[PDB]
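J.: One structure, as structure tokens, below. Some questions next.
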Amino acid sequence: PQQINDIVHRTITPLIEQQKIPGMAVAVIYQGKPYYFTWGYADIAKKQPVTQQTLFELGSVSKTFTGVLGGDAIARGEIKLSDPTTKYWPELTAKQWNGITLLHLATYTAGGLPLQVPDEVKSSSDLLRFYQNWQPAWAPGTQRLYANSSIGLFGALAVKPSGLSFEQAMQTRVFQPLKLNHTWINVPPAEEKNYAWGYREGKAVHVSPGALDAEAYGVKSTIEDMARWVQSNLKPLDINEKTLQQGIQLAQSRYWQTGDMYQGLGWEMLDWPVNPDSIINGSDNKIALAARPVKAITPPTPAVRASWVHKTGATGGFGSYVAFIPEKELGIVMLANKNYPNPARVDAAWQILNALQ
Ligand SMILES: O=C(O)[C@@H](CNC(=O)[C@@H]1C[C@@H]2CC[C@H]1C21CC1)Oc1ccccc1
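Using the authors' numbering, read the sequence shown as starting at 5 and increasing by one per residue.
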């Protein structure tokens with residue numbers, strides 16, 4: 005519909021110009037159907053255009069897959085958010101871990117686990133040593149500090165009862181049921197032709213390996229698969245696998261509140277209608293990566309349909325954004341191979357979705 009076309013082109017054209025974005029793909033999900041848009045270059049040097057089959061690094065949008073996979077493990081009865089972390093990692097004997105649950109890890113509330121795992125932390129024994137030596141700044145369940153080392157550990161522990169690797173669990177329990185057949189934690193050689201380069205300060209870059217990278221920022225996907233991901237989270241009851249349907253719902257439950265935002269598993273939520281300044285200004289890393297006190301939602305509120313549900317994501321060379329409103333059957337995916345500022349992403353998305361609702 006030309007409505008959607010005009011709204012998308014009027015918003016995204018100046019965005020690409022202002023932010024000097026080499027390549028971009030957008031999907032609008034409207035009344036149960038996807039509409040796709042593409043611009044510019046997946047590979048500047050080889051003049052490869054962005055297409056609907058181009059793979060982008062999702063970066064920290066990957067945490068929404070980790071949260072849903074954890075939700076599925078809960079639904080299967082393999083894990084409980086109320087479980088002690090030591091239940092699944094008994095070698096974690098240092099006393100500061102008493103009272104830190106899987107809920108705390110999944111929601112960044114364990115007491116100040118760091119944003120990044122240190123570069124020097126490679127092996128399973130390096131990781132154990134790192135968490136054993138870590139000293140919390142706050143008591144558990146009092147402060148939120150967005151952190152790869154928190155939900156990354158949640159994801160690694162959540163798959164342990166299944167006996168599967170994190171990648172294998174993700175493939176079998178999330179990607180394959182939802183027909184995300186071009187979504188990868190490790191891009192296979194046969195798919196490299198579609199893997200866009202990211203651009204950082206003009207240099208072509210791909211994400212480098214890191215501990216817990218798959219769990220915190222490691223998924224790559226196409227605009228078509230990401231539209232399917234949005235539709236799956238918009239309407240979980242259409243999903244025929246029972247524990248996956250349940251796990252999607254659990255990831256949109258409201259566990260903590262800070263300001264006007266609610267923390268789910270990976271996803272973040274606000275009541276719809278939102279104040280746009282709240283979500284735009286709130287997506288700035290100055291707010292999004294800051295330590296903030298949280299109020300427990302006791303017990304957590306089940307997924308609220310009248311919500312703005314969203315997640316920003318980045319790697320060194322890529323910037324992504326996903327947002328949807330279940331009440332309105334409406335969503336958007338924006339995938340770019342430049343890590344450009346979060347408020348510009350959310351501003352564009354709110355202009356498009358507000359116009360269409
Ligand atoms: O290793 C990487 O290339 C990735 C992996 N992405 C993350 O870790 C996330 C992205 C940034 C950093 C923490 C999370 C974030 C606040 C949104 O991102 C980087 C690293 C260096 C510079 C910019 C991005």
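In this text, a Cβ means the ideal position worked out from N, Cα and C, and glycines have one as well.
1. Going straight from the alpha carbon of residue 134 to that of residue 224, what length do you get?
2. What is the residue span of the beta strand (DSSP E) that residue 303 lies within?
3. Who are the near neighbours of residue 328 in its chain, counting only those whose CB is closer than 6 Å to its CB and skipping five residues on each side?
4. Within 8 Å, do at least three Cβ pairs link the region 197-210 to the region 260-275?
5. If distances are taken between C-alpha atoms only, which option among 342, 352, 293, 319 comes closest to residue 147?
6. Count the other C-beta atoms from every protein chain shown that fall within 10 angstroms of the C-beta of residue 353, then say buried if there are 16 or more, exposed otherwise.
7. Measuring CA to CA, which of 188, 262, 290 is closest to residue 298?
8. With respect to the alpha helix (DSSP H) encompassing residue 334, which residues constitute its N-terminal and C-terminal limits?
9. Taking the alpha-carbon positions, what's the residue 126 to residue 56 distance?
10. Does ligand 1 have even one heavy atom less than 7 Å from the beta-carbon of residue 152?
11. Assuming contact is defined by CB atoms lying nearer than 8 Å, are residue 168 and residue 136 in contact in what I supplied?
12. Please report the straight-line C-alpha distance between residue 86 and residue 226, rounded to a whole angstrom.
13. Mapping DSSP to helix, strand and coil, what is residue 42?
14. Nearest by alpha-carbon distance to residue 331: which of 325, 322, 357, 324 is it?
15. Assuming the contact rule is C-beta atoms closer than 8 Å, residue 73 and residue 178 should be a hit. Round their C-beta distance to whole Å, please.
16. How about residue 45 and residue 71: are their beta carbons less than 8 Å apart?
17. Cβ of residue 88 within 8 Å of Cβ of residue 114?
18. Nearer than 7 Å: is that true of the beta carbon of residue 268 relative to any heavy atom of ligand 2?
19. Assign residue 4 to buried or exposed, taking buried as 16 or more other Cβ atoms, counted over all protein chains shown, within 10 Å of its Cβ.
20. Are the region 156-165 and the region 77-86 touching by the rule of at least three beta carbon pairs closer than 8 Å?
21. So does residue 221 have its beta carbon nearer than 7 Å to some heavy atom of ligand 1?
22. Give me, in chain order, the residues of the same chain whose beta-carbon lies closer than 6 Å to that of residue 311; leave out the 5 immediate sequence neighbours on both sides.
23. Using the Cα positions of residue 59 and residue 93, report the straight-line distance between them to the nearest angstrom.
24. Kindly list the residues whose CB is nearer than 8 Å to the CB of residue 30, restricted to its own chain and excluding five residues on each side of it in sequence; keep chain order.
25. In the structure shown, what three-state DSSP assignment does residue 316 receive?
26. With the cut-off set at 8 Å, would you say residue 200 and residue 341 are in Cβ contact?
27. I'd like the ranges of any alpha helix (DSSP H) spanning at least 4 consecutive residues and lying wholly in the region 73-124.
28. I'd like the span of the alpha helix (DSSP H) that includes residue 17, first residue to last.
29. Should residue 14 go down as buried or exposed, given a rule of 16 or more other Cβ atoms within 10 Å for buried?
30. Considering just the uninterrupted stretch of the alpha helix (DSSP H) at residue 232, what are its terminal residues?
31. Can you tell which of 62, 316, 83, 157 has the C-alpha that lies nearest to the C-alpha of residue 187?
32. Quick one: is residue 219 buried, meaning 16 or more other Cβ sit within 10 Å of its Cβ, or exposed?
33. My output table needs one value for residue 224: the three-state DSSP class, helix, strand or coil.
34. Does DSSP put residue 133 in a helix, a strand or coil?
35. According to the Cβ coordinates, are residue 149 and residue 295 closer than 8 Å?
T.: In this structure, then:
1. Looking at the two C-alpha atoms, the distance is approximately 28 Å.
2. It spans 299-305 - the beta strand (DSSP E) in which residue 303 sits, taken as one unbroken run.
3. Annotation for residue 328: 234, 238, 313, 335 place their beta carbon closer than 6 Å to its own, counting only its chain and skipping 5 residues before and after.
4. These segments do not touch.
5. Closest option to residue 147, Cα to Cα, is 293.
6. It is buried - the Cβ of residue 353 has at least 16 other Cβ atoms within 10 Å.
7. Of 188, 262, 290, the residue nearest in Cα terms is 262.
8. Going by DSSP, residue 334 is part of no alpha helix (DSSP H) but of the beta strand (DSSP E) stretching over 334-340.
9. Taking the CA atoms as reference points, residue 126 sits about 35 Å from residue 56.
10. At least one heavy atom of ligand 1 is nearer than 7 Å to the Cβ of residue 152, so yes.
11. In this structure, the beta-carbon distance from residue 168 to residue 136 does not fall below 8 Å.
12. Between residue 86 and residue 226, the C-alpha separation is close to 35 Å.
13. Three-state result, residue 42: strand.
14. Checked all of 325, 322, 357, 324; the closest Cα to residue 331 is 357.
15. With 8 Å as the limit, residue 73 and residue 178 qualify as a contact, their Cβ atoms being about 5 Å apart.
16. With respect to the 8 Å criterion, residue 45 and residue 71 are not classified as neighbours on the basis of their beta carbons.
17. No, the pair does not count as a contact, with Cβ atoms beyond the cut-off.
18. Among the ligands present in this structure, namely ligand 1, ligand 2 is not found.
19. The requested residue 4 is not part of the displayed model; the chain covers only 5 to 361.
20. Here the region 156-165 lies against the region 77-86, with 3 or more beta-carbon pairs under 8 Å apart.
21. Because some heavy atom of ligand 1 lies under 7 Å away, the Cβ of residue 221 counts as near it: yes.
22. Contacts found: 273, 276.
23. Taking the straight line from one Cα to the other gives about 35 Å.
24. Excluding sequence neighbours, residue 30 sits near 12, 16, 40, 41, 42, 227, 336, 337, 338, 339.
25. Strand at residue 316.
26. Yes; because the gap between Cβ atoms is below 8 Å, this pair is in contact.
27. Runs of the alpha helix (DSSP H) inside the region 73-124: 106-110.
28. From DSSP, the alpha helix (DSSP H) with residue 17 extends over 6-23.
29. By the 10 Å Cβ count, residue 14 comes out exposed.
30. In the DSSP assignment, residue 232 falls within the unbroken alpha helix (DSSP H) covering 227-238.
31. The residue with the shortest Cα to Cα distance from residue 187 is 62.
32. Taking all protein chains in view, the Cβ of residue 219 is crowded by 16 or more other Cβ atoms within 10 Å, so the residue is classified as buried.
33. Reduced to three states, the DSSP call for residue 224 is strand.
34. In this structure, residue 133 counts as helix in the three-state DSSP scheme.
35. In this structure, residue 295 lies closer than 8 Å to residue 149 by Cβ.
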